[PDB]
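Coordinates in review
The primary structure of each chain is shown beneath.
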Amino acid sequence: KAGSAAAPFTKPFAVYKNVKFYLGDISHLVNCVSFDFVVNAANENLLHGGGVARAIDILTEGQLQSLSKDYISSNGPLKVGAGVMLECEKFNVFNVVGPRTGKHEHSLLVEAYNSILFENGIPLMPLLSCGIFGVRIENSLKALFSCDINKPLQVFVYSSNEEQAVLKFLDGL
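Below, the structure is looked at part by part. (Residues numbered from 1 in each chain as written, not as in the entry; some residues may be left out. Heavy atoms only, no water.)

1. A closer look at the sheet that holds strand β9 (residues 153-157)
Filter applied, for reference: For two strands to pair, DSSP has to find at least two bridges joining them. Runs of E in the DSSP output that reach at least two residues are strands. Runs of H or I that reach at least four are helices, and both are numbered from the N terminus. Fitted lines through C-alpha atoms serve as axes, helices being fitted only where they are in contact, and the angles separating the N-to-C directions of these axes extend from 0 to 180 degrees.
Strand order in the open sheet made by the 7 strands is β3-β4-β9-β8-β5-β7-β6, with mixed pairing throughout. This sheet does not close on itself; its edge strands, each paired only once, are β3 (14-16) and β6 (83-87). Strand-to-strand twist in this sheet, taken as the mean axis angle between neighbours without regard to direction, amounts to 25 degrees. Inspection of the sheet shows strand β4 (residues 19-23) paired to β9 by 5 bridges, in the parallel sense.

Set out below in C-alpha cells:
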C-alpha cells in the first residue's frame, strides 16, 4: 500500500544505494511504488501462464500475451539474457529471460539484469531465475549487484524467506 504519493511510495524493507526491496505481490505493488515499467521474469517463448508473468498478463488484461504472440511470430523466442519491452495499455512490461540454474548462470543473469538497466526508467522487478529456474536467490542477488546500477530499482520478493535472504545478502556487503 502507498504511504502516500506525489508519485506513490511505500516503505521498502531494505535499501542499498539505488536498490529498494519490497515484500509484496506485483498486483499490489504496482499501486505502492513509483516505476516506469514492470519487469516480467519471462520464459523464452513468452508464454505467460504462471508466476509473475501471469500476474502481469492479468494486470494488462491479456494484452501482454497478445503482444507476446505477435513478437514471437515476428522475432522468435527471446535469447536467455535478453529482454523485450512490450508496451501495453496501462503498463510497459519489460520481458526478460533469466537463465535456468547451471553453466553460465551468472553471466546470463548479468546479461538479463543489464538489459533491465539498459531500458529507460525505473523498473518494478522481481529477482530473476529464483524458484522454478532453480537459481539460489543469493546468486541472483550476486549477479544483480555485479552490475553498475546507476538508477533506482524497485525490487520485490514474495516470501519472508526471500526477504531474510535479501537482508542476509545485503548484510555481507
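2. Examining the pattern of salt bridges
The test is simple: A pair is scored as a salt bridge if a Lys or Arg side-chain nitrogen falls within 4 Å of a carboxyl oxygen belonging to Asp or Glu. Each residue gets one of three labels from its accessible area relative to the maximum for its type: buried under 20%, exposed over 50%, partly exposed in between, using a 1.4 Å probe on protein chains only.
If you walk through the whole model with that rule in mind, you get 1 salt bridge. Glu-44 is the partner of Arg-100 in a salt bridge, and the nearest nitrogen-oxygen pair spans 2.7 Å. Note that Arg-100 is positioned in the loop between β7 (92-97) and α4 (105-118) and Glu-44 in the loop between β5 (37-42) and α2 (51-59), a separation of 56 residues in sequence. A residue is classified by how much of its surface remains accessible, and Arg-100, at 42% relative accessible area, is partly exposed.

3. Overview of the packing of α2 against helix α3 (residues 63-75)
We count it as follows: In this scheme, roughly parallel covers angles under 35 degrees and roughly antiparallel covers those over 145, while 65 to 115 is roughly perpendicular and the rest are oblique. By definition in these notes, contact holds between two residues if any of their heavy atoms fall within 4.5 Å. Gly is put with the polar residues, along with every residue not named as nonpolar or charged; the nonpolar set is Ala, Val, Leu, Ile, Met, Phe, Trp, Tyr, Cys and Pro, and the charged set is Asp, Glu, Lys and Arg.
In the contact formed by α2 and α3, the axes pass within 6 Å of each other and the chain directions differ by 105 degrees. Relative to α3, the element α2 lies roughly perpendicular. Between α2 and α3, the residues in contact are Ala-53, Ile-56 and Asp-57 and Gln-63, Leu-64 and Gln-65, respectively. Its residues assigned to classes, the contact of α2 with α3 shows 3 nonpolar, 2 polar and 1 charged.

4. As for the packing of helix α5 (residues 137-145) against helix α6 (residues 160-171)
The following threshold applies: Helix crossings fall into two classes, left-handed where the near helix is turned counterclockwise from the far one by less than a right angle and right-handed where it is turned clockwise.
Two elements in contact, α5 and α6, have axes whose closest approach is 10 Å; the angle formed by their N-to-C orientations is 50 degrees. Judged by the angle between their axes, α5 and α6 are oblique. Regarding α5 and α6, the two cross each other, and that crossing is right-handed. Side by side, α5 and α6 meet where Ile-137, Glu-138, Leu-141, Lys-142 and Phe-145 of the first sit next to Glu-162, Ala-165, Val-166, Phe-169 and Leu-170 of the second. When its residues are assigned to classes, the contact of α5 with α6 shows 7 nonpolar, no polar and 3 charged.

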